[PDB]
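All remarks here apply to the structure that follows.
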Amino acid sequence: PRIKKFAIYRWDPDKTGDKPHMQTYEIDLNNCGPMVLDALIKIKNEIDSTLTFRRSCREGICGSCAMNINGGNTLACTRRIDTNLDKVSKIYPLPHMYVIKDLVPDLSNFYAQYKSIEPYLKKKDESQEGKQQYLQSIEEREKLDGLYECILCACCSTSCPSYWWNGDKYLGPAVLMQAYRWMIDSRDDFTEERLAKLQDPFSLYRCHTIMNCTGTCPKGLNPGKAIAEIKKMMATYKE
Amino acid sequence: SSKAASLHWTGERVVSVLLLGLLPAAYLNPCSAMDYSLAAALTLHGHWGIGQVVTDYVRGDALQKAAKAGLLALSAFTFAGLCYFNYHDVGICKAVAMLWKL
Amino acid sequence: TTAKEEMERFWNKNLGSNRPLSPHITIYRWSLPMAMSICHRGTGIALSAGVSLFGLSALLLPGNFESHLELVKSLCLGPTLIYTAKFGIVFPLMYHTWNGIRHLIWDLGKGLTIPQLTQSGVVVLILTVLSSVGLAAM
Amino acid sequence: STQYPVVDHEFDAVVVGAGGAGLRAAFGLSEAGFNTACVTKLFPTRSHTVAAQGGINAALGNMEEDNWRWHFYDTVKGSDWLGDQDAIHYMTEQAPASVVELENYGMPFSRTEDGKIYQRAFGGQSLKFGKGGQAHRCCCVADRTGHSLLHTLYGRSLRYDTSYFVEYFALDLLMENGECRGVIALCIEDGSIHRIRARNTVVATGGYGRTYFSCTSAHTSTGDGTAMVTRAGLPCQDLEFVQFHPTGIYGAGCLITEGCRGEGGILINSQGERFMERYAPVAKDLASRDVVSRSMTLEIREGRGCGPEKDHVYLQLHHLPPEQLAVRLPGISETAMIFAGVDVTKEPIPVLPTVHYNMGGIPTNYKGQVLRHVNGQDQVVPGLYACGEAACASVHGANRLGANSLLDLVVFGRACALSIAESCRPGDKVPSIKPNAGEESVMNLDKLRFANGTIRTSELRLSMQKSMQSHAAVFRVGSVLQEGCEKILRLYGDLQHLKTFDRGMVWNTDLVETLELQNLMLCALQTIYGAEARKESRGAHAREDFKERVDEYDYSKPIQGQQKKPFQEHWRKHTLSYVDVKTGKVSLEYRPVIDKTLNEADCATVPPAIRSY
Ligand SMILES: *Cc1cc2c(cc1C)nc1c(=O)[nH]c(=O)nc-1n2C[C@H](O)[C@H](O)[C@H](O)COP(=O)(O)OP(=O)(O)OC[C@H]1O[C@@H](n2cnc3c(N)ncnc32)[C@H](O)[C@@H]1O
Ligand code: HEM
Ligand SMILES: CC(C)Oc1cccc(NC(=O)c2ccccc2C(=O)O)c1
Ligand code: SF4
Ligand code: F3S
Ligand code: FES
């Protein structure tokens, strides 16, 4: 009977005068799945059904269960519980984000930023579209590897300190990486005006290569690398 | 769509490679000309550096504009003072040298 | 609904509510690269404060540089104690200089993976001590 | 009453579902100049088409020389002749057209030497009408086809002025006198109730895989629109037909794609024998979703279990070059290590046949129009459409051919768009909703919000799941089905004994998962009863007792002086299920399969035959 302790952030907006506090739960690992989400649902189902959280695939390809586990922004269905029963696992909502309730944050600004960068294929001539597939060589396709996989968990952007201090005007690495993704896509014709979209001090330039985004990424992707690659293009592009 | 933001970033790195180039050059070749170039590159790079902190940290309408004004005054005073020190005093290269063997 | 519209309405609902900010610095884990980021800012600010205090006092405080040194010479200071003041000047300077190259190597795009971030992290940290102790005895 | 703030919205059309089909229908409408509103309980990206891996089928001729009609034959064969051939015609013709569109939309498909879209082999596909070897027409984004699909559909959808209701749980259909007027939905953000009225209603709420204890599908596959259609009194088609994907991790039950078997992956029993060469001689381990998994689950019965429990089988990728596994299948390469703790290049994956797709659902036209069955005849429900896994145009029939659903999504999502656009006009009168409309949708909400039951919600979810898992498995006898039926029937009576704890407006996952339990149970009743009623072995539905493929004729011997069998005697027909919500009883009737194509000259009907790969 291996018992584990879970320290989790709790807040009820439908209770008056309630402010952020911590509630601890106890669970046996013999009946629980290997992952943190497995334990989250276990106490949600058996112990306390107030624990309100986001989940879907339990596979690591939605970005629904994105939360701060033990001071690290990762997916709860990919991270396995520390079998070490001496340590109490601290689970928190994604940092510096308005808590709606019990680990559920308001991502609507993060989403809105993804809209502002325009993540769709843009052609100068949209008259001949839908009839023949655009050619792209395996080399031109290789460039998108490690970029298209971004599941928009938003562990990334909200692990950047610069994003906590400049949430409104700084786009954040997750959103930024995709703007790059659509630049090196050999099909996209709008690469220059996409770079011209970042011509203020806040859009991309609140990056100071802190590199805390990469390494927290639950998919092993490297947003930081792509941000620095944007910066290079920003000086070496003419007109 | 002007590109002042991108060029500003380039300047920051061009003065960074300049400042890194000037520290050994000031050691190997201490002179009056080096004292002025080390005062010019030193104050500019520091100004842009702190400028980045103000924009990152100071959240406000007439707050950000005020701090940027105060920084420019501080830098303009810093550069002129260093220039005065190069002209009417020993000069950084011959001033550090004295300070160190002590 | 536009992209710019969504953001404006985001701030309106949240600021006019009882929704708390999720703990950020209070709970997040410490990493060497991020600690080395804070230190670069710390050393950057401190250094600029030194240069400014040096340039401003050249305009505001009376006397020449030679007279200002004879003012410190007459302060009964031992080699070990004058080495301490000498160290605490190069220590922040050398850190920022070496890490400065690390930032400049990053801007070229090279060495941006987690291994190379911790590798160059210790390499900068060691280079600092070796050049800080190595200079303070010249 | 009045505790809940009612807020009425006014639109041209409502789409319920942000996954693949739903999206393509949402912006497909807005592109045609429609004031469209999309309602979704998840965020668009988090929908379950993101969890897709294999690919999207199109006969582009990007590997070998191909024909879209060869894709027609293989789909209608796979459907075990329960597939409506008119819809299959429509889907296979639009197949290359819809995929080229997506590549132009921004889908970063993997690439060939020539520079074209990458197609690969997949289960159940052939060349020269099943007479010329294995077909390679599965267009893929290297093991992350669905992810890339859902994203590039959403990323492109931002271009249009569509009003998205993100994180809203649709409760019921706002029905008034046969015709639909829209949807009534709960706002999870602040607990409010919104009545969204329009001239048309597209439904793309996805599958109901979470009816079973073990499924590849996500937690939010609760067949909510299926229950929404069910509560309106509208019939549901072919609900007993449940796809079991052959390969999935023994543990949690995540999907390992069939694209493993299309690239060269093999299935191995306890001996080391390639057993899928013993069952299917010709097509081997690249056979049907039903034939492969039933062979697998039978090998467990024989005593050829592979693990320390003797209850699962193996999928070997060990022998394939690491070069190919990195480029072609990196999404499974990671998730196999992440979940099962297994390196793909050195040892095989533990796999088990578990629930995957739901070929049944809302009865649908080839145009996408929702069908009601009155007086033994088809009839169009006004102002209501359905598309995708959610619906049942039965383009998949009795068994879904591998990598067809993501096509089904796009094509039929687009269909609903054109079927609205080419029928009525934008700006036309939005029918006036009742002042009371959806009282018992709220009376359902308030009942469940304050529930003072003696049995917990979560334990009843497991009570339904394990019962389905044993009583309606791959194999099912009339013995376990009859007991299973009266067992599920009791678990519907327990729905007024359930206890809820969370009493808050803002984000009540306790309430919505319980609302999902009301929705899943309606799906479950119609699944199990349709299964015990159907007495044949067609596709994924295999009766141990009635192991015969019962058609109108005995298609083994040639039809000559053979007499036709009456309709209420053979089992080649669609299972339509109704359920009275109060009594919790299922009464079911049947309707003919469509055999004719759209144009016999361009695409000819393929009549029933002996079906084995
Ligand atoms: C389960 C599965 C399926 C799958 C697959 C892998 C897995 C694990 N891989 C596939 C593949 O590689 N190739 C392929 O062709 N198909 C594959 N599939 C099957 C396929 O993905 C599914 O059939 C398809 O994803 C279903 O899509 P659909 O458009 O029908 O919708 P969805 O993706 O399931 O998303 C559900 C949407 O409906 C909304 N919803 C649900 N309930 C409500 C209520 N209550 N109120 C408001 N909205 C609701 C959700 O918000 C969501 O957007
Ligand atoms: C020759 C050695 C030096 C080099 C190569 C160098 C270069 C750099 C570089 C590349 C950055 C990165 C900015 C970023 O993106 O975070 C930086 C930051 C900064 N530096 Fe320097 N610098 C040097 C010495 C100095 C000196 C002598 C001063 C002032 C006395 C100074 C003040 C600053 C300040 C204030 C910042 C901004 C801190 C921040 O916001 O992160 N540096 N420097
Ligand atoms: C995890 C947390 C305790 O750690 C912290 C706390 C406070 C500030 C920071 N870091 C910065 O504020 C910072 C440091 C260097 C350069 C730019 C920034 C910036 O504001 O973007 C990190
Ligand atoms: S790049 Fe990685 S960390 Fe950032 S949003 Fe995408 S999956 Fe999350
Ligand atoms: S955490 Fe940061 S400032 Fe840039 S490198 Fe990453 S976004
Ligand atoms: S639920 Fe999809 S990533 Fe955790």
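We're sticking with Swiss-Prot numbering for chain B, so the shown stretch reads 58-159, in order.
When the header is checked for method, it gives X-ray crystallography, 3.4 Å.
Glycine too: its Cβ is placed from the backbone N, Cα and C atoms.
Over in Swiss-Prot, the protein carries these features:
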TRANSMEM  B:64-85  transmembrane segment
TOPO_DOM  B:86-90  topological domain 'Mitochondrial intermembrane'
TRANSMEM  B:91-111  transmembrane segment
BINDING   B:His102  heme b binding site
TOPO_DOM  B:112-120  topological domain 'Mitochondrial matrix'
BINDING   B:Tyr114  ubiquinone binding site
TOPO_DOM  B:143-159  topological domain 'Mitochondrial intermembrane'
For the topological domain 'Mitochondrial intermembrane' (B:86-90), the number of residues DSSP places in helix, strand and coil:
2 helix, 0 strand, 3 coil
Taking the Cβ of the residue listed as 'ubiquinone binding site' as the centre, how many other Cβ atoms fall within a 10 Å radius?
11
Report, in whole Å, the straight Cα-to-Cα distance of B:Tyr114 (ubiquinone binding site) from the residue listed as 'heme b binding site'.
19
For B:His102 (heme b binding site), the number of other Cβ atoms found within 10 Å of its own Cβ:
21
Secondary structure tally of the topological domain 'Mitochondrial intermembrane' (B:143-159) (DSSP, helix then strand then coil):
12 helix, 0 strand, 5 coil
Intrachain neighbours beyond the topological domain 'Mitochondrial intermembrane' (B:143-159), with Cβ under 8 angstroms and 6 or more residues off its ends:
83, 87-89, 91-93, 95-96
